[PDB]
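Beneath this line is the structure, given in structure tokens, with notes to follow.
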Amino acid sequence: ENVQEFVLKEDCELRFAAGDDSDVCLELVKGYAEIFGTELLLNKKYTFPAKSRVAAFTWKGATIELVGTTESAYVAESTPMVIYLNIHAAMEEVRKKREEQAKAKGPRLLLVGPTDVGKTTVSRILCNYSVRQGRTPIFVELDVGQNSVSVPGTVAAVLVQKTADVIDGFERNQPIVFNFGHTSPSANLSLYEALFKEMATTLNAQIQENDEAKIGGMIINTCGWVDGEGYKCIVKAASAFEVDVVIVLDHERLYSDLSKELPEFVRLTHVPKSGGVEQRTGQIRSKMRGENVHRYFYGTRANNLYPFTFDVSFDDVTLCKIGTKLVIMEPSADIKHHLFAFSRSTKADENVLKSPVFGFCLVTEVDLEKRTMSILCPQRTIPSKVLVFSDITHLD
Ligand SMILES: Nc1ncnc2c1ncn2[C@@H]1O[C@H](COP(=O)(O)OP(=O)(O)O)[C@@H](O)[C@H]1O
Ligand code: ALF
Ligand SMILES: [Mg+2]
């Protein structure tokens, strides 16, 4: 009902947050603009829900209308968008170079830095810019806490063939997903490292069978754990994925240490975080983990998913738990509200540890006498009889 109009000069961005209680609708009415790398269509009404934090940027200039109550809304004039564009340009240069030398292996890029420096946002911008160049990069998500590919407690990778949806983010077209089972790597650091090594190995063999994926390269998002044992995760991730480029966002000490340790062929670039990045408390982060899990089963406002609830006999499945090796679980009251991954491993053995998963279900009830559990499931029947425990819980 309330309306706000904004004139954006070239290289400026409108930053706003929808109110606690209401939606905010955004409309580009003149010029060109993009939201984290996805182009906006002239005069299309993009409805953002409450709490949404959004930045619309323009290279040449724009006029933009907001309809609805906003908590905040302003035009910033000095972003690092050019920096983030030049990273894409230099990445596409390496591709051409290696195409002209040739199948060409695309460049691989690791984004690092502490919490709330914009690693996820920059990874999104770079993926989008690659797609708009006509490339299909692989997006690799190592953040088991704040995960934009699958549920929390996963390490995942997806081939990006379309720009992110402005409101909903990227389409998850058949991701490779590994069940780590915890919201931080420190819960079991050696399993975490084993998982991204198996991810790296799987991706290298798969890109051999798909040339477009191969030359698309990789954009690898890490978590904000940069201190202590988080630092060694970074070095081992760089090594395991054989990255060509490390982008450090807003941590000059991390930059300095990485400069001294990484192999000489690795190009390291320090860039600042955007002034629009917002700090998020642990309470907000937990809420976002819950909404991620919710979305996995139910989808979005734009694209609803319709999950099934049904009963499963304990005589038809084997529950197991990593942690470090495999252990067979007895159906218990304490599995209630937990996610379980459907393992691609047919037996509950050593294969389970480094096997990707089909997907997840949520245990909603446990009937011990009847020896049944109620599960929420994206499909009608279980895709596997080997269900692997995750410590991620969700009340629905
Ligand atoms: N330029 C920007 N304008 C407004 N909000 C932003 C901008 N960049 C990032 N954000 C927001 O800041 C928060 C942190 O960004 P994120 O990329 O998730 O940090 P990190 O991945 O490093 O933990 C996110 O909620 C994101 O929507
Ligand atoms: F990716 Al973060 F805090 F570093 F969500
Ligand atoms: Mg992130």
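All letters in the sequence shown, in the order written, are residues 4 to 105, 111 to 331, 351 to 423 by the authors' numbering. Every residue, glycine too, gets a C-beta built ideally from N, C-alpha and C.
When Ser372, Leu203, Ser194, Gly189 are compared, the shortest CA-CA separation from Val325 is found for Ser372.
For a cut-off of 8 Å, the C-beta gap from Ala53 to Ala21 is around 5 Å, short enough to register as a contact. Close CB contacts of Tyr306 within its chain, under the 6 Å cut and outside five residues either way in sequence, are with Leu313 (chain order). When the beta-carbon positions are compared, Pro358 and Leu403 stay at least 8 Å from each other.
DSSP places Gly161 outside both helix and strand once states are collapsed to three, so it counts as coil.
Three or more beta-carbon pairs separated by less than 8 Å link the segment 18 to 32 to the segment 47 to 61, which places the two stretches in contact. Contact check for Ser417 against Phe367 passes: the beta carbons are separated by less than 8 Å. Taking 7 Å as the cut-off, one finds no heavy atom of ligand 3 near enough to the beta carbon of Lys295. The beta carbons of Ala195 and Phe249 sit no closer together than 8 Å. With contacts defined by Cβ atoms closer than 8 Å, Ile184 and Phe39 do not form a contacting pair. For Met400, the enclosing beta strand (DSSP E) begins and ends at 399 to 404.
Rounded to the nearest whole angstrom, the C-alpha separation of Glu80 and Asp14 is 7 Å. Secondary structure at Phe178: coil, using DSSP grouped into helix, strand and coil.
Distances from the alpha-carbon of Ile175 to those of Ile355, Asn300, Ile419, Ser55 put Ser55 closest. What you get when you keep residues with a C-beta closer than 7 Å to any heavy atom of ligand 3 is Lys127, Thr128, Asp151, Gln154, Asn229, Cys231, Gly232. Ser247: member of the alpha helix (DSSP H) spanning 237 to 248, first to last residue. If you draw a straight line from the Cα of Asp23 to the Cα of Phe186, it comes to about 35 Å. Per DSSP, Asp394 is one residue of the beta strand (DSSP E) stretching across 384 to 394. Residue nearest to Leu45 within the set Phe51, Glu37, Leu31 is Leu31 (criterion: CA-CA distance). By the neighbour-count definition (other C-beta atoms within 10 Å, threshold 16), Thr144 is a buried residue.
Rounded to the nearest angstrom, the Cβ distance from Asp151 to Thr230 is 7 Å, consistent with a contact under 8 Å. The three-state secondary structure of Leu353, taken from DSSP, is strand.
Taking the Cα of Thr73 as reference, the smallest distance to any Cα among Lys100, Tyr49, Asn5, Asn136 is reached at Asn5.
Taking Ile242 as the centre and dropping the five residues before and after it, the same chain places the C-beta of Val120 closer than 6 Å to its C-beta, in chain order. Under the three-state reduction of DSSP, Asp124 is assigned to coil, being neither helix nor strand. DSSP lists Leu353 as the bridge partner or partners of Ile330.
Assignment of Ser138 by DSSP, reduced to helix, strand and coil, places it in the helix class. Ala20 sits in a strand when the DSSP states are folded into three classes. For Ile355, the closest alpha carbon among the candidates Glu260, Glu377, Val157, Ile227 is that of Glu377. Taking one beta carbon from each stretch, the segment 215 to 231 and the segment 86 to 103 have 3 or more pairs nearer than 8 Å; the two touch. Within the same chain, and ignoring the five residues on either side of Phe147 in sequence, the residues whose Cβ sits closer than 6 Å to its Cβ are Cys135, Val166, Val168, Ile227. Looking only at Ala76, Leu118, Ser25, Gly114, the smallest Cα-Cα distance to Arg275 is reached by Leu118. The beta carbon of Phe387 lies closer than 6 Å to those of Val159, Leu366, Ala368 in the same chain, with the five residues before and after it left out.
Annotation for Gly34: the continuous beta strand (DSSP E) segment containing it runs 27 to 34. Residue environment analysis places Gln216 among the exposed positions, since fewer than 16 neighbouring C-beta atoms fall within 10 angstroms of its C-beta. Here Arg56 is bridged, per DSSP, to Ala20.
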